[PDB]
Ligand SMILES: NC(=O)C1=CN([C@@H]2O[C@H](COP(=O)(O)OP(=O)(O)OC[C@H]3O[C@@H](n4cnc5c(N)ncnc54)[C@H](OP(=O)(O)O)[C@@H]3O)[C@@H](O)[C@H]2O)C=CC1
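Read the single chain below, which is given as structure tokens and is the form solved without the ligand.
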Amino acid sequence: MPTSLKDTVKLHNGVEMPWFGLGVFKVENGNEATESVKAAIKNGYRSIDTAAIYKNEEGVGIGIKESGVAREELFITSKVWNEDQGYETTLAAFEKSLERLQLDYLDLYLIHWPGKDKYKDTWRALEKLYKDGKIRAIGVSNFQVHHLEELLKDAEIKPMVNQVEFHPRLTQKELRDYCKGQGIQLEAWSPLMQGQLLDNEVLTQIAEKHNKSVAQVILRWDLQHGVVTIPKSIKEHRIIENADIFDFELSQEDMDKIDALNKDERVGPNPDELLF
């Protein structure tokens, strides 16, 4: 549905989030982070996703700075790490993120994982930071339907985004339907399944037909499902290639064939299992 990299989705509070961005998980701090960020932005990306735990916020910041696109056209997301959950410690972790990123505000700040029993407190802290005008939008990562329901009991502000693992092996059908009905925008972490579908025969045939790569097919599939997507890529040629998805469209039959790859298979932790 986007026609270009500039294209956005309106979150429930009216904030425009780009549909397509650069995920920097498992990217090394300093130059590797700076260099991937700079190449993405140079080649039109307008959304970068990082997290305190990725240890690269500093190189992310220098790359933003060095890119020579204006701060206000850029959409920066980071996340509160597990160990920092709790009200006072979340406020502190946010300020640390800003200091590392060399940023006055963030566009989006997410609770990284739900864990057991500190996320409601952590949510109160994001609510406060949002109120203070320090963050344009607030939300969550790796929440299931039950976590959201629990959160919604006492939340003043509904999460604006839920960033989850999402790809043809983990199609998140009940969660997509749930967030859609709640006005919570789903976003796909590790949308390429960290390269694990590269040789998948179903996807390769769809790729062949469209004269595209398997990664191009998956990402187009994300967009056609209405899921914001943040593929990871270090090399400028892969950064450029991943984004070259606005000149073809997947038929309904192709979409359905891709959805049939589902096996509830994760390359990241299960949020119901990662209990802190």
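When you see a residue number, it is the position in the sequence shown, counting from 1.
Below: the form deposited with the ligand bound, not depicted.
Only one of 94-102, 173-181, 195-203, 131-139 places residue heavy atoms within 4.5 angstroms of the ligand in the bound PDB entry, namely 195-203.
In the bound PDB entry, none of the heavy atoms of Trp123 sits within 4.5 Å of a heavy atom of the ligand. Under a 4.5 angstroms non-hydrogen atom cutoff, the ligand in the bound PDB entry lacks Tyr119 among its neighbouring residues. A residue is said to contact a partner when one of its heavy atoms sits within 4.5 Å of a partner heavy atom; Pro168 fails this definition for the ligand in the bound PDB entry, lying far away.
Shown alone here, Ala215 lies within 4.5 Å of the ligand in the bound PDB entry, counting heavy atoms only. Within 4.5 Å of the ligand in the bound PDB entry, a heavy atom is found for none of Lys6, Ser47 and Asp107. Heavy atoms closer than or equal to 4.5 Å to the ligand in the bound PDB entry belong, across 206-237, to the residues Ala215, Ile230, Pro231, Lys232, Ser233, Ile234, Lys235, ordered by sequence position.
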